[PDB]
There are 2 protein chains.
Amino acid sequence: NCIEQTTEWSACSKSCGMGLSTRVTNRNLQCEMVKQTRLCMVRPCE
Amino acid sequence: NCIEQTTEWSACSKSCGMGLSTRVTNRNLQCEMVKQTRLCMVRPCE
Ligand SMILES: [Cl-]
Ligand SMILES: [Cl-]
Ligand SMILES: [Cl-]
Ligand SMILES: [Cl-]
Ligand SMILES: [Cl-]
Ligand SMILES: [Cl-]
Ligand code: NA
Ligand code: NA
Ligand code: NA
């Protein structure tokens, strides 16, 4: 069967500049785990 | 010297189910080309 699984969006992968925030989810018709990523920036690098 | 460049979102990497669509952009403080990715679904699979 299918049991829903979605993680929280991660902290930004980099402490300065552009990094990624990542989660995983099976919220799709095949109920398979996939990754999602979004750009993030905590602060600019000096 | 920075010339803005953002490509078109690509066709979905898979013909059914969850695939990925990608583009590249330098819209960031370093003016560096970075990839962006998004889940896509053309149609459900069998
Ligand atoms: Cl569930
Ligand atoms: Cl979250
Ligand atoms: Cl993004
Ligand atoms: Cl586009
Ligand atoms: Cl996505
Ligand atoms: Cl599907
Ligand atoms: Na749940
Ligand atoms: Na959850
Ligand atoms: Na992404």
Side-chain angles (χ1 to χ4, degrees):
Chain A
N1 45 32
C2 178
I3 300 294
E4 186 269 354
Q5 305 291 354
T6 301
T7 59
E8 294 182 331
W9 289 96
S10 77
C12 201
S13 60
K14 299 189 171 178
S15 51
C16 71
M18 283 293 186
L20 291 171
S21 171
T22 305
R23 74 170 184 182
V24 295
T25 186
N26 63 6
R27 289 177 190 176
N28 51 67
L29 289 170
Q30 294 189 89
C31 185
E32 285 177 353
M33 301 300 310
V34 298
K35 177 180 62 175
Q36 295 183 280
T37 63
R38 293 287 183 280
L39 289 171
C40 54
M41 181 180 71
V42 179
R43 63 187 55 92
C45 301
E46 306 287 0
Chain B
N1 179 39
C2 182
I3 299 286
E4 189 271 351
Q5 168 68 3
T6 302
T7 62
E8 290 182 329
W9 287 102
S10 72
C12 200
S13 66
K14 294 187 178 180
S15 52
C16 70
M18 283 304 190
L20 280 181
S21 171
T22 71
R23 73 174 186 182
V24 294
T25 183
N26 58 9
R27 293 182 188 182
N28 53 69
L29 291 168
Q30 306 280 67
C31 189
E32 280 179 7
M33 299 304 295
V34 302
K35 190 183 310 299
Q36 290 181 284
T37 66
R38 292 292 185 275
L39 293 174
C40 48
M41 182 179 68
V42 180
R43 60 185 72 89
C45 298
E46 172 65 32

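When reading the values below, keep in mind they use all heavy atoms of this one structure, side chains included, and skip hydrogens, waters and symmetry mates. Convention: sequence-line order gives letters A, B, ...; per-chain numbering from 1.
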Participant: How many angstroms lie between atom OG1 of B/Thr7 and atom NZ of B/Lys35, to the nearest 0.5 angstrom?
Facilitator: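 Spacing of OG1 (B/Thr7) from NZ (B/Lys35) equals 8.5 Å.
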
Participant: Atom CH2 of A/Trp9 and atom CZ of A/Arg23: how far apart are they, to the nearest 0.5 Å?
Facilitator: 5.0 Å

Participant: Restricting to non-hydrogen atoms, name the atom on B/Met33 and the atom on B/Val24 that form the minimum distance, rounded to 0.1 Å.
Facilitator: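 Reported closest heavy-atom pair: CE-CG2, 3.5 Å.
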
Participant: With side chains defined as the heavy atoms from C-beta onward, is the minimum distance between A/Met41 and B/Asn28 less than 4.5 Å?
Facilitator: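 The answer is no, as the side chains (C-beta and beyond) never meet within the 4.5 Å cut-off.
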
Participant: Using 0.5 Å steps for rounding, measure from the OG atom of A/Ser10 to the CZ atom of A/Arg38.
Facilitator: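 Reported value, rounded in 0.5 Å steps: 12.0 Å.
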
Participant: Please name all residues satisfying side-chain hydrogen bond (donor to acceptor under 3.5 Å, both in side chains) with B/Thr25, sequence neighbours left out, ordered by chain then number.
Facilitator: B/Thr6

Participant: Given 3.5 Å as the limit, does a donor-acceptor pair link the side chain of B/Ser13 with the main chain of B/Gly19, or not?
Facilitator: no

Participant: Tell me, do A/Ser21 and A/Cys12 make a side-chain contact under 4.5 Å, heavy atoms counted?
Facilitator: no

Participant: Do A/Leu39 and A/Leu20 come close enough that some side-chain heavy atom pair is under 4.5 Å?
Facilitator: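 Yes, close enough: below the 4.5 Å cut-off.
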
Participant: The test is side chain to side chain contact (heavy atoms under 4.5 Å, CB included); show your working for B/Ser15 and B/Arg43 and say whether it passes.
Facilitator: CA-CA 7 Å; B/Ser15 52; B/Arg43 60 185 72 89; 3.8 Å; yes

Participant: CD of A/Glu4: more than 12 outside heavy atoms within 6.0 angstrom?
Facilitator: yes

Participant: Roughly how far, to the nearest 0.5 Å, is SG of A/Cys31 from CG of A/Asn1?
Facilitator: 8.5 Å

Participant: Taking the side chain from B/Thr22 and the backbone from B/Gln36, do they hold a donor-acceptor pair closer than 3.5 Å?
Facilitator: no

